[PDB]
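These notes are about the structure you will find just below.
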Amino acid sequence: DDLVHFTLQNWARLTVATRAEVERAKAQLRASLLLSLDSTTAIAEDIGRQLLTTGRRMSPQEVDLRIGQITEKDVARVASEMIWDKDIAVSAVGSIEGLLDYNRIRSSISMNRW
Amino acid sequence: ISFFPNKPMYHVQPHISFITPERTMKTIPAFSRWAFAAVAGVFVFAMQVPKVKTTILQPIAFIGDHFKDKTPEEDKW
Amino acid sequence: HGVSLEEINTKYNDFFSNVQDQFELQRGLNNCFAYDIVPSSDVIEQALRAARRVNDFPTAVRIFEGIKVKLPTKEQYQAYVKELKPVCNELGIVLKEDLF
Amino acid sequence: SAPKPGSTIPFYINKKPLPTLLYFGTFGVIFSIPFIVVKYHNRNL
Amino acid sequence: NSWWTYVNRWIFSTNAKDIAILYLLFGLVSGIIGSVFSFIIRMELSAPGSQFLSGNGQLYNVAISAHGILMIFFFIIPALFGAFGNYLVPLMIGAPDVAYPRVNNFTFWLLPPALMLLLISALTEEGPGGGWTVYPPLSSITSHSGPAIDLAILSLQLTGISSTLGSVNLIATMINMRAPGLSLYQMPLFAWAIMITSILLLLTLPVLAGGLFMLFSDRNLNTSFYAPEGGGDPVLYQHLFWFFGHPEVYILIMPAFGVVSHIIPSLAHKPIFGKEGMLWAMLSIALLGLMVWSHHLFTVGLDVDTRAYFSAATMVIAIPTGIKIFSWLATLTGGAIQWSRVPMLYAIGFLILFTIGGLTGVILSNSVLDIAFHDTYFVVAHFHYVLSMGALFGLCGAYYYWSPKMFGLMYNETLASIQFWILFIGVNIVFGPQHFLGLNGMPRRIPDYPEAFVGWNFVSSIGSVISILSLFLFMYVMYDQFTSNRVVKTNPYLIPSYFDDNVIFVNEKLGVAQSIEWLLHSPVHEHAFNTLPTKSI
Amino acid sequence: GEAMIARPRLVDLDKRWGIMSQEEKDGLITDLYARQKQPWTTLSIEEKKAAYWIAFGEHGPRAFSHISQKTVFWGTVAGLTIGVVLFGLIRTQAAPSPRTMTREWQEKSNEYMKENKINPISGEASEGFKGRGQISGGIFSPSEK
Ligand code: HEA
Ligand code: HEA
Ligand SMILES: CCCCCCCCCCCCCCCC(=O)OC[C@H](COP(=O)(O)OCCN)OC(=O)CCCCCCCCCCCCCCC
Ligand SMILES: CCCCCCCCCCCCCCCC(=O)OC[C@H](COP(=O)(O)OCCN)OC(=O)CCCCCCCCCCCCCCC
Ligand SMILES: [Ca+2]
Ligand SMILES: [Mg+2]
């Protein structure tokens, strides 16, 4: 219960996110989107998936421009639109007795001290 | 001179523990709203005290009719 | 006053009989759609031929869009499209409502 | 001399943090002059 | 050292562009003071009886007189008649600078000392008490003892002579510096209007100069010019004053006519209907607005034949104005309309207010009808609902329409529209109830009123308050526009037609405009029109 | 321009157009210009869509700003209510009203001018007169304190 509560609290906190965290996330995402491709099979799979789902493959310049435009206000808006108090889907397997009911799980998606 | 030499766009700011200015700038509206709610509750719970009625409520127009005394000349002994 | 109703129709058909420049075609086409005069079948057909000649596609669909906008009711537009369908199918013209 | 204007003829430099207080104070005093004007005629009364 | 450059670019500079901005700023700083004066006087009459004051009637007279004088002679005339003319007329005529730069520089600086001396006069022990139209016996040393109204007389004198001196160069500039191939008939309507106002003002104001000087001499030289026992007739003073006052409002409102006739076509993408008929009817108005002056003396007690002669001709003024309104109505229909634009909003709102004000003006042009409304609140409603609805709206529209050309910035459309709506609602609910207050038979210029009038005054006070928020929003939007660094293209009000390609229009269609000013860069060069533009002869 | 242009080059053009650099724009315009020379029957639907969007689109010159009318309406409402509230708040600081503003005196005057036939036609001395007459009503004529 403590783990779920803290996870959902850190989820809900994203509506007041700071600039430094956003910058770090942007840098990490930009690095990770390129560090994955390290073999011919991986590059072919990436190209195929990008062409099958979108219709074109985004050049690194377009990806860089799209990522760089993101600021903390956009993150706050998106979080308040979808991460704030909203319906969730849960799935549990194993010794999940310690898990509480649905309402107690859902109650942690919003912080009352704001 | 710089906290991160490879990226000068990173400056530390005065703080106590986590009371950095940006957090307080974000927090201020919450304090304002909470204070307004507390004031509204206090005003609600003391709307029948005679001093409040004779000082604040009656001079307010429209609503001032309700918070009066309607007893005619037949009144307190 | 100046030109009457049908005289400008004949004059603009004659002008659109021979246009080789995109700018002149657009200029005359703009100046035609301001007299409350919906072009006749010969005028629109010759404008389509001129657009084919000066090698510009979007002007052709803009013709039908502007005619639909200018016409008062749906019945006149339906009659126009019924009588001009073969041309559009001959020149490979796709209407706006079917384009997307 | 052939200078190109920078599309800035404000008669005085403007920017966010500092000049706002000066502009607002000038506006306030030129708004509130009539006040001292009406007070002057009823000073010795 | 830019300080020398600073003061040479601003004080020791005679360029037309660097002066009209100061005209606008001076108008603004006068208008704020006048609006606060109007707010205080309207808050006084919120409820019957002495209110916020110790029943000081002389203070109320000072307040009303100051509001009237400063807002009629320091807000609208200098910030509309010559402010948008000296900057713009050389652009439309085809000249690089005005005829006489030194007199253009001189005319502006006669006004600041006038404002300071008027404030000093109002700051005396008594202050002016004759109102906007001061009258000799009241102004006589018998009533006022001190340097209170003499300075107001001097301010009116010097402001009038400066305005006359600020209009001599304009006529020469637009009569001799015309573009090669620009016939006087083919002149744009705005400059036509501004020249008509210039000639009318120069022709009429000298009369005010002489009459005001001779009336003022009564206090010092003890002349019998207007003394009842000295053989003077104050009806002569009224005739002299109203040979000026009647055409003054027309010469103030004609720039609004021109700016509306300029705003309508460009934002409507349609040429103005009947230019020649409109300009000839406006010329008929200009000539006509001089022989009628005694409508302000209907209840003084003049003869029957003179009253009939000068009351019958009051009606004929309406016909050309109605023709103008009908022409603008015809221009609006048919062509495209972008009703969301702020200048379009102001132009549209101008017409209905001006026509209802004109109807109110034609209500009380009869000696049989004026007796029930002379010197009552009905004339106040008429003249306010014409002045503040036409001249103020024209000034706001002109500012919001030509501001990028003055500076090169973009304002906030949302805030500007909100300000327009708030101001419109406030001014509509301010002068509305006054119609009923004057229809009941209650006079004007009275700090106290009989008890059966409180409701309409209460209804007016809230709108008076609302107008102040409108002013605050306008101040905020002006500041934001000044410090928003929002760029502007050469001709922001040019859009592709229905059959202009997105690649053909951008490369073979730019640099075209209905008027010259939109051809140049929005911050205009110091030395424009190096060569004269030549049209088809 | 003879070979068909690849589909992944002319898909979702509106989203990409702003970010896409100038050189790709000139290349696409030149390629489409060379393409339109052929008879239009041989062309695909996406080519026609791209051509029309390039010519009679929303980008470039005819890209106007959109103003939220709801924002204007709400701002006007807020300004009106702020003005009303501020006037009400600064209203109470006025001088005390004259003693004649009481219901009792208003009704006394109402019954007074009836006697001297002051406006009996359709006013203060009408035959029925259910109306007020010389009473403003509401806050203007409060009860005696
Ligand atoms: C601001 C500009 C302005 C304008 C445009 C007008 C327009 C007119 N004014 Fe007014 N007027 C003033 C400013 C103005 N006035 C001022 C400041 C005063 C007070 C002076 C002071 O005391 O200091 C004043 C006072 C004033 C009086 C004095 C009343 C009194 O105090 O006793 C009179 C009386 O004749 C008058 C008449 C007119 C007339 C006939 C017009 C006409 O121009 C109106 C014509 C317009 C129309 C009528 C509408 C359009 C026409 C049509 C739609 C055609 C069809 C109409 C009909 C057939 C009904 N004006
Ligand atoms: C220039 C003409 C003009 C203008 C604009 C005004 C504006 C106003 N006037 Fe005034 N007024 C007169 C001319 C004018 N007046 C005259 C001649 C008299 C008679 C004097 C005499 O009797 O001696 C008079 C007298 C007069 C009285 C007489 C008092 C009495 O009889 O009891 C009253 C009272 O209601 C009044 C009210 C107002 C109000 C409420 C406004 C305005 O508040 C209405 C709304 C307007 C605004 C609130 C201002 C908006 C400004 C802007 C948004 C700024 C734009 C700035 C620029 C970009 C440069 N006026
Ligand atoms: C209102 C009625 C009062 C009388 C009218 C006269 C007003 C004062 C005189 C102003 C000159 C009129 C134009 C002359 C033609 C002209 O233009 O002279 C030319 C110049 C401007 O042109 P320019 O050199 O740039 O031409 C370019 C050459 N190629 O003028 C002047 O430098 C005016 C000189 C400065 C004087 C201003 C001070 C005015 C004092 C007023 C107080 C005295 C009168 C008091 C009355 C009670
Ligand atoms: C006090 C109120 C009393 C009103 C009494 C007035 C009655 C007569 C007015 C009607 C005359 C005009 C009608 C057009 C007839 C016509 O068909 O004109 C012919 C033209 C047709 O176009 P064309 O020239 O290109 O034809 C070319 C031929 N080869 O029309 C027009 O261009 C109309 C364009 C301008 C008219 C716009 C009207 C705007 C409002 C007018 C006044 C509204 C009054 C509001 C108060 C009631
Ligand atoms: Ca009062
Ligand atoms: Mg009178």
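Chains as they are written, first to last, in our numbering: chain C, 1 to 114; chain X, 1001 to 1077; chain A, 2001 to 2100; chain E, 3001 to 3045; chain F, 4001 to 4537; chain W, 5001 to 5145.
All C-beta atoms in this analysis are idealised placements derived from N, C-alpha and C, irrespective of residue type, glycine included.
Residue i, buried or exposed, once every other Cβ within 10 Å from all chains shown has been counted against 16
{"i": "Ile4120(F)", "result": "exposed"}
{"i": "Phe3011(E)", "result": "exposed"}
{"i": "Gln2046(A)", "result": "buried"}
{"i": "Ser4367(F)", "result": "buried"}
{"i": "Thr15(C)", "result": "buried"}
{"i": "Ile88(C)", "result": "exposed"}
{"i": "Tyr4411(F)", "result": "buried"}
{"i": "residue 200(C)", "result": "For residue 200(C) there is no data in the structure shown, the boundaries of chain C being 1 and 114."}
{"i": "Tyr4023(F)", "result": "buried"}
{"i": "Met4291(F)", "result": "exposed"}
{"i": "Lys4489(F)", "result": "exposed"}
{"i": "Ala4066(F)", "result": "buried"}
Residue i - partner residues in DSSP beta bridges
{"i": "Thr4376(F)", "result": "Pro4443(F)"}
Within-8 Å CB hit, residue i to chain F
{"i": "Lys3015(E)", "result": "yes"}
{"i": "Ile5029(W)", "result": "yes"}
Minimum Cβ-Cβ distance from residue i to chain X less than 8 Å
{"i": "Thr5092(W)", "result": "yes"}
{"i": "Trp114(C)", "result": "yes"}
Residue i vs residue j beta-carbon contact at 8 Å
{"i": "residue 4549(F)", "j": "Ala4391(F)", "result": "For residue 4549(F) there is no data in the structure shown, the boundaries of chain F being 4001 and 4537."}
{"i": "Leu4201(F)", "j": "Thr4164(F)", "result": "yes"}
{"i": "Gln4338(F)", "j": "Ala5094(W)", "result": "no"}
{"i": "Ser5065(W)", "j": "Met5101(W)", "result": "no"}
{"i": "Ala4152(F)", "j": "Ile4064(F)", "result": "no"}
{"i": "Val4098(F)", "j": "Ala4016(F)", "result": "yes"}
{"i": "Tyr4385(F)", "j": "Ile4356(F)", "result": "yes"}
{"i": "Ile5067(W)", "j": "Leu5032(W)", "result": "no"}
{"i": "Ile4516(F)", "j": "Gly4181(F)", "result": "no"}
{"i": "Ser4467(F)", "j": "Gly4426(F)", "result": "yes"}
{"i": "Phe4474(F)", "j": "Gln4419(F)", "result": "yes"}
{"i": "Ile2093(A)", "j": "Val2054(A)", "result": "no"}
{"i": "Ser4046(F)", "j": "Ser4403(F)", "result": "no"}
Interface partners of residue i on chain E, CB under 9 Å
{"i": "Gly4408(F)", "result": "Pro3005, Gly3006, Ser3007, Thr3008 and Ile3009"}
Proximal chain W residues relative to residue i, where beta-carbon distance stays under 7 Å
{"i": "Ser4050(F)", "result": "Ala5095"}
Cross-chain neighbours of residue i in chain W, by beta carbon under 9 Å
{"i": "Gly2092(A)", "result": "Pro5039, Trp5040, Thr5041, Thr5042, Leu5043 and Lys5048"}
Any non-hydrogen atom of ligand 8 closer than 7 Å to residue i Cβ
{"i": "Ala4330(F)", "result": "The model on display carries ligand 1, ligand 2, ligand 3, ligand 4, ligand 5 and ligand 6 but not ligand 8."}
Contacts of residue i in chain F (Cβ-Cβ under 7 Å)
{"i": "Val3029(E)", "result": "The contacting residues do not exist; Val3029(E) stays about 10 Å from chain F at best."}
{"i": "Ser5143(W)", "result": "By Cβ distance, chain F contributes nothing, its closest Cβ being about 17 Å from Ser5143(W), past 7 Å."}
Residue i at chain W interface by Cβ criterion, 8 Å
{"i": "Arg2062(A)", "result": "yes"}
{"i": "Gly4455(F)", "result": "yes"}
{"i": "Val4488(F)", "result": "no"}
CB contact check: residue i to chain C, cutoff 8 Å
{"i": "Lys1051(X)", "result": "no"}
Interface partners of residue i on chain A, CB under 7 Å
{"i": "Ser4497(F)", "result": "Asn2030"}
{"i": "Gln5022(W)", "result": "Those within 7 Å of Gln5022(W) in chain A number zero; the least Cβ separation is about 22 Å."}
{"i": "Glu4508(F)", "result": "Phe2023"}
Partners in chain X for residue i, counting only beta-carbon separations shorter than 9 Å
{"i": "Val16(C)", "result": "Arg1023, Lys1026 and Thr1027"}
Chain X contact residues for residue i, given Cβ-Cβ distances below 7 Å
{"i": "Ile5139(W)", "result": "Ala1061"}
Per-residue contacts from residue i into chain F (C-beta, under 9 Å)
{"i": "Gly2066(A)", "result": "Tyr4498 and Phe4499"}
Amino acids of chain W, ordered along the chain, whose beta-carbon sits closer than 8 Å to that of residue i
{"i": "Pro2058(A)", "result": "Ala5051, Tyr5052, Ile5054, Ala5055 and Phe5056"}
{"i": "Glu62(C)", "result": "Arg5016, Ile5019 and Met5020"}
Any C-beta of chain E under 8 Å from that of residue i
{"i": "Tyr4479(F)", "result": "yes"}
Partner residues on chain F for residue i, Cβ-Cβ distance less than 8 Å
{"i": "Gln2026(A)", "result": "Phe4499, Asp4500, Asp4501 and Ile4504"}
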